[PDB]
Amino acid sequence: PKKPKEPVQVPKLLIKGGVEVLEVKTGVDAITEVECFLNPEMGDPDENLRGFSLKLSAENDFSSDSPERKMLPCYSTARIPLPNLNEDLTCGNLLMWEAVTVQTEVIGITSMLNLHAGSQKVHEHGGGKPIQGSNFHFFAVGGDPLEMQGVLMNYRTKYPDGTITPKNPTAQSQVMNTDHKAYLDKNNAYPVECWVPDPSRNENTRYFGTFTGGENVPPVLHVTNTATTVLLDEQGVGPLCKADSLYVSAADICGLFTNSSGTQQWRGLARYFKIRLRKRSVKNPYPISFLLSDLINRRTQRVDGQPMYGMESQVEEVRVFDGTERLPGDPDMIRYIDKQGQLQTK
Amino acid sequence: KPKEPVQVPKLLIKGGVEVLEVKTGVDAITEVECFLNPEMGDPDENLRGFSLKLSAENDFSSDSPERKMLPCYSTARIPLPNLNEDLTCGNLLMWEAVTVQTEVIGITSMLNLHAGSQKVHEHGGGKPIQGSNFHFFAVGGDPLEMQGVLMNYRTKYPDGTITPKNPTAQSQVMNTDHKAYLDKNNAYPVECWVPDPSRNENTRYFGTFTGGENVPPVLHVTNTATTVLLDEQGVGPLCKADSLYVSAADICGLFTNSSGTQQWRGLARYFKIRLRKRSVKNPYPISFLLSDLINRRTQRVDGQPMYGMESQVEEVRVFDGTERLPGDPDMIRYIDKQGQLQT
Amino acid sequence: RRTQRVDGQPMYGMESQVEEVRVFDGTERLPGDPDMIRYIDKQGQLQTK
Amino acid sequence: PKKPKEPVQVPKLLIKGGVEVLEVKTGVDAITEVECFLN
Ligand SMILES: [Ca+2]
Ligand SMILES: [Ca+2]
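Protein chains in written order, with the deposited numbering: chain 2, 14 to 359; chain 3, 16 to 358; chain 6, 311 to 359; chain 1, 14 to 52.
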């Protein structure tokens, strides 16, 4: 009979599955879609109370402030190992993965409608006080770890041992201080109150975040599977995965949970991620003399000689002779190249 | 001299749900209009759309809510016909939800301040409905696959509600072992189930949450809004089964009684879905009908596990083509999976 | 051998947090099954006992 | 099989550093990016 119209050519799914699926030898124009999540690291004050913090210390002195480790929300971070694009390119070309498109979402937003759960009674015969207060929703997707900046308040706070902090803070550390650069290289260590992502150094990641701080503000959360964030820059490239690794970071403080006794503690939710990848032809920016210099420096013996480089060097004169010239009248002449051209002092 | 009238797509038949079973042309557009009543708990027969009054300070150890208090998801299924007549092997011809146009019915009912609301101050009127609210809808060709995230995993739920099974402290956050579909009305409470951000490949769910102790419900009401259900490939939710699935959950705020006992308020939600006929590759050919026939006539074997977490298949080498002989039989694929990086 | 070693959340192994990986290669006529399920009976359901 | 394309032409980075790059003489069609802060 009458045949239907030909269906539109969609991309062909090869294999769906878990993380073991990435190993498939595909072609050049393959695209993968990694779907994952991150759990919030809110402090977890005992084994029964995951996702909350410990209760807040109310009024510490500004000089003798010493918080504890269980009441500090920290950043979440993770590395997704990607397989190598083992190819046979010419003239110093490669292939790397490119984070083209992220599609994120907070998992568990309607759980905040639980009002019969030890929350503070809202009025005389009311229900429970819902979760509200200062909230912070952050996510960062890139091919390198999240390079961040240590900016805090009250540099005289005595942090505990588990949390990694800005090293030797001064009064300058209560505003921008260039000495407090660090990476995000550890889950559940870097607290949110000390570490903002570095606006000067995240050349390979794409970090997005918003903050709203009040005594009682509404946590407004949208949930949708059609929103889509493009991770491309002005040149049309995304986060390139230098080492075959995809770095995913997040921080989702949703508000303060007020207990029945009137004692507040934080609340965090998970964060879905969906990164769309592809294979980018790049060039090798580095010469072959970086491969061979690393091979030699781990097979040749380390010699503790006399210093032949530095401020106490023992090499006195080096002269480079290339090409022929007419005989100059000054043998004790001095010759070099200043900025671009050959110069000749005396 | 005036011109001819413009070409408008010709209406054929208007009516109820029985218009669906009419066999039409292949280039036919169907606009189904329906609604969903809120399953807010309904504490007795004379009070619909409310919930029961809220319990206040049940601690985490001993927390047992009641059945009529928890607002649950609304869902329904719209029976669509089957469209092929002969085999026509290769391509098939399914429905496709192109455009939803939704709306909450009854938003000006919240102007009723002479009802059982609490007196707002010394001689004022009633206190309006405000507080935590959540407006949600989903349109797809599958039931709304959803993820179980709650707080207070030691909550003892009633028997009427279906909840995430065997919760741990990991269930107070994202736990992968709480997958379920939305195939039952008034049993999946909203405080336990968010729609699954990974597994809904055939629905289009839309939702806004707005917490807070007293925030205004802001509800627009318009018949010129239009939501496009197409993905980045240009296809809407295909109806695999001969059915269209419609889900919603409308919480509009807390109704404060004269005694002070707060209780929820929900409203209905309009749906206007455009359906066209799209030609797809047949997911159920003769070979599927063959293999499903021999499936049902084969003896069930309860043997040792060969799939899942406790699986006993160790290694599968799938290999098809030919290859020049490698210099590495166990060729490494990840340069560094576990991490032999610096510092 | 020069990248910073992060110690993050388990994105590999038994306790992995990657939920799903799709891999696409070429073009295909539009399937009528958007969750392209392969096993006609993976669990063993709808077999005769 | 199928070979991947050539890489995309991006603007060539020349020199990266602190304040001392704001002394270097550059070309006519040179595009600098000054990154700074104010306390
Ligand atoms: Ca920079
Ligand atoms: Ca998915």
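Here a beta-carbon is modelled for each residue, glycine too, at the ideal position from N, C-alpha and C.
Check your understanding: Contact check, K292 (chain 3) vs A43 (chain 3) under 8 Å by CB: the rounded distance?
Key -> For the purposes of this step, residue 292 (chain 3) is taken as the residue at position 277 of the second sequence. For the purposes of this step, residue 43 (chain 3) is taken as the residue at position 28 of the second sequence. Rounded, the Cβ-Cβ distance is 6 Å, consistent with contact.
Point to revise | ligand 2 heavy atom lying under 7 Å from the CB of residue 2 (chain 3) | key: Missing from the structure shown is residue 2 (chain 3); chain 3 here goes from 16 to 358 and no further.
Review point. Just to check, is the beta-carbon of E247 (chain 3) closer than 7 Å to a non-hydrogen atom of ligand 1?
Key: Along the second sequence, read from residue 1 onward, the residue named residue 247 (chain 3) stands at position 232. The answer is no for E247 (chain 3).
Exercise for review: Would you tell me roughly how many angstroms separate the C-alpha atoms of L269 (chain 2) and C87 (chain 2), rounded to the nearest one?
Suggested key: The count along the first sequence starts at 1 and reaches residue 269 (chain 2) at position 256. The count along the first sequence starts at 1 and reaches residue 87 (chain 2) at position 74. Annotation: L269 (chain 2) to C87 (chain 2) spans about 15 Å, alpha carbon to alpha carbon.
Point to revise | Which listed residue (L26 (chain 2), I28 (chain 2), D157 (chain 2)) has its alpha carbon closest to that of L259 (chain 2) | key: Locating residue 259 (chain 2) in the first sequence gives position 246, counting from the first residue. Of the listed residues, the one whose Cα sits closest to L259 (chain 2) is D157 (chain 2).
Review point. Using Cβ-Cβ distances below 8 Å, what residues of the stretch 79–108 of chain 2 are close to chain 1?
Key: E100, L102, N106, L108
Practice item. Please find out if some non-hydrogen atom of ligand 1 comes closer than 7 Å to the beta-carbon of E48 (chain 1). Key: Within the fourth sequence, numbered from 1, the residue matching residue 48 (chain 1) stands at position 35. At least one heavy atom of ligand 1 is nearer than 7 Å to the Cβ of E48 (chain 1), so yes.
Exercise for review: Flag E228 (chain 3) as yes if its beta-carbon sits less than 8 Å from any beta-carbon of chain 6, otherwise no.
Suggested key: Walking along the second sequence from the start, residue 228 (chain 3) turns up at place 213. Output row for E228 (chain 3): interface = no.
Review point. Looking only at its own chain, which residues have a Cβ that is under 6 Å from the Cβ of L67 (chain 2), when we skip the five neighbours before and after it?
Key: Your numbering for residue 67 (chain 2) matches position 54 in the first sequence. Spatial neighbours of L67 (chain 2) in its own chain (CB-CB distance under 6 Å, excluding positions within 5 residues in sequence) are listed in chain order as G56, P58, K83, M84.
Review point. Mapping DSSP to helix, strand and coil, what is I350 (chain 3)?
Key: For the purposes of this step, residue 350 (chain 3) is taken as the residue at position 335 of the second sequence. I350 (chain 3) falls in the coil class under three-state DSSP.
Review point. Which value, in whole angstroms, describes the spacing of the CA atoms of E329 (chain 2) and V243 (chain 2)?
Key: Against the first sequence, residue 329 (chain 2) aligns to sequence position 316. Against the first sequence, residue 243 (chain 2) aligns to sequence position 230. The straight-line gap from Cα to Cα measures roughly 57 Å.
Review point. Chain 3 beta carbons: is any one of them nearer than 8 Å to that of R348 (chain 6)?
Key: Here residue 348 (chain 6) refers to the residue found at position 38 when the third sequence is read from its first residue. Output row for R348 (chain 6): interface = no.
Practice item. Report yes if the CB atom of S132 (chain 2) is closer than 8 Å to the CB atom of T276 (chain 2), and no otherwise. Key: As a working note, residue 132 (chain 2) is residue 119 in the first sequence. As a working note, residue 276 (chain 2) is residue 263 in the first sequence. No. Outside cutoff.
Review point. Does DSSP put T313 (chain 3) in a helix, in a strand, or in coil?
Key: Taking the second sequence and counting its residues from 1, one reaches residue 313 (chain 3) at position 298. Correct three-state label for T313 (chain 3): coil.
Exercise for review: Scan the stretch 29–47 of chain 2 for residues whose Cβ lies nearer than 8 Å to a Cβ of chain 6 and list them as they occur along the chain.
Suggested key: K29, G30, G31, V32, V34, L35, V37, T39, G40, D42, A43, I44, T45, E46, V47
Practice item. Determine the contact status of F152 (chain 3) and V236 (chain 2), defining contact as a CB-CB distance below 8 Å. Key: Within the second sequence, residue 152 (chain 3) is the residue found at index 137, counting from 1. Within the first sequence, residue 236 (chain 2) is the residue found at index 223, counting from 1. No, they are not a contact pair.
Review point. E338 (chain 3): buried (16+ other C-beta within 10 angstroms of its C-beta) or exposed?
Key: The sequence position of residue 338 (chain 3) within the second sequence is 323, counting from 1. So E338 (chain 3) counts as exposed.
Check your understanding: Could you give the uninterrupted runs of the beta strand (DSSP E) lying entirely in the stretch 253–291 of chain 2, keeping only those of 3 residues or more?
Key -> 258–271, 277–281
Review point. Can we say the stretch 118–130 of chain 2 touches the stretch 199–206 of chain 3, given the rule of at least three CB pairs closer than 8 Å?
Key: Taking a cut-off of 8 Å for Cβ pairs, the stretch 118–130 of chain 2 and the stretch 199–206 of chain 3 touch, as three or more such pairs fall below it.
Check your understanding: Between the stretch 284–304 of chain 2 and the stretch 163–174 of chain 2, do three or more beta carbon pairs fall short of 8 Å?
Key -> no
Practice item. Measuring alpha carbon to alpha carbon, tell me which of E111 (chain 2), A256 (chain 2), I288 (chain 2) ends up nearest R311 (chain 6). Key: Position 1 of the third sequence, counting from 1, holds the residue named residue 311 (chain 6). Of the candidates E111 (chain 2), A256 (chain 2), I288 (chain 2), the one whose C-alpha sits nearest the C-alpha of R311 (chain 6) is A256 (chain 2).
Review point. Do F221 (chain 3) and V261 (chain 3) have their C-beta atoms within less than 8 Å of each other?
Key: One-based indexing of the second sequence puts residue 221 (chain 3) at position 206. One-based indexing of the second sequence puts residue 261 (chain 3) at position 246. No; because the gap between Cβ atoms is not below 8 Å, this pair is not in contact.
Exercise for review: Please list, in chain order, all residues of the same chain as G227 (chain 3) whose beta carbon is under 8 Å from its beta carbon, the five residues on each side excluded.
Suggested key: Against the second sequence, residue 227 (chain 3) aligns to sequence position 212. Hits under 8 Å: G146, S147.
Check your understanding: Where do the N-terminal and C-terminal ends of the beta strand (DSSP E) with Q319 (chain 2) fall, by residue?
Key -> In the first sequence, the residue the question calls residue 319 (chain 2) occupies position 306. Taken as a continuous stretch (DSSP letters only), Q319 (chain 2) belongs to no beta strand (DSSP E), as it is neither H nor E.
Review point. DSSP three-state call for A184 (chain 3): helix, strand or coil?
Key: The residue labelled residue 184 (chain 3) in the question sits at position 169 within the second sequence. Reduced to three states, the DSSP call for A184 (chain 3) is helix.
Exercise for review: Tell me whether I144 (chain 3) sits in a helix, a strand or coil according to DSSP, three-state version.
Suggested key: Here residue 144 (chain 3) refers to the residue found at position 129 of the second sequence. It is coil, neither helix nor strand.
Practice item. Run the CB neighbour count on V41 (chain 1), radius 10 Å, all protein chains shown included, and call it buried at 16 or more, exposed below. Key: Stepping through the fourth sequence from its first residue, residue 41 (chain 1) is reached at position 28. Under this definition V41 (chain 1) is an exposed residue.
**Study point:** Status (buried if at least 16 other CB within 10 Å, exposed otherwise) for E100 (chain 3)
**Key:** Stepping through the second sequence from its first residue, residue 100 (chain 3) is reached at position 85. So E100 (chain 3) counts as exposed.
**Study point:** Close beta carbons around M321 (chain 3), own chain, < 7 Å, minus the five adjacent residues each side
**Key:** For the purposes of this step, residue 321 (chain 3) is taken as residue 306 along the second sequence, with counting starting at 1. Same-chain partners within the cutoff: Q327, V328.
Practice item. Go ahead and pull the three-state DSSP assignment for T123 (chain 3). Key: Taking the second sequence and counting its residues from 1, the one referred to as residue 123 (chain 3) is at position 108. Look at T123 (chain 3) here: in three-state DSSP terms it is helix.
Point to revise | For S66 (chain 2), three-class secondary structure by DSSP | key: The residue labelled residue 66 (chain 2) in the question sits at position 53 within the first sequence. Looking at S66 (chain 2) - three-state DSSP - the assignment turns out to be coil, as it is neither helix nor strand.
**Study point:** Backbone CA spacing between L340 (chain 2) and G318 (chain 2) [nearest angstrom]
**Key:** As a working mapping, residue 340 (chain 2) is identified with position 327 in the first sequence. As a working mapping, residue 318 (chain 2) is identified with position 305 in the first sequence. Spanning the two alpha carbons is a distance of roughly 39 Å.
Practice item. Take the Cβ of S213 (chain 3) as the centre, count every other Cβ of all protein chains shown within 10 Å, and call the residue buried at 16 or more, exposed below. Key: Counting from one through the second sequence, the residue named residue 213 (chain 3) turns up at place 198. The residue is buried, with at least 16 neighbouring Cβ atoms inside 10 Å.
Review point. Buried or exposed: where does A240 (chain 3) fall if 16 or more other Cβ atoms within 10 Å of its Cβ makes it buried?
Key: Reading the second sequence from its first residue, position 225 is the one you call residue 240 (chain 3). Exposed, by the Cβ-count rule.
Point to revise | Helix, strand or coil at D335 (chain 3) according to DSSP, with G and I counted as helix | key: Indexing the second sequence from 1 puts residue 335 (chain 3) at position 320. Here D335 (chain 3) sits in coil by DSSP.
Check your understanding: Taking Cβ positions only, does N310 (chain 3) come closer than 8 Å to chain 6?
Key -> In the second sequence, counting from the first residue as 1, residue 310 (chain 3) sits at position 295. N310 (chain 3) counts as touching chain 6.
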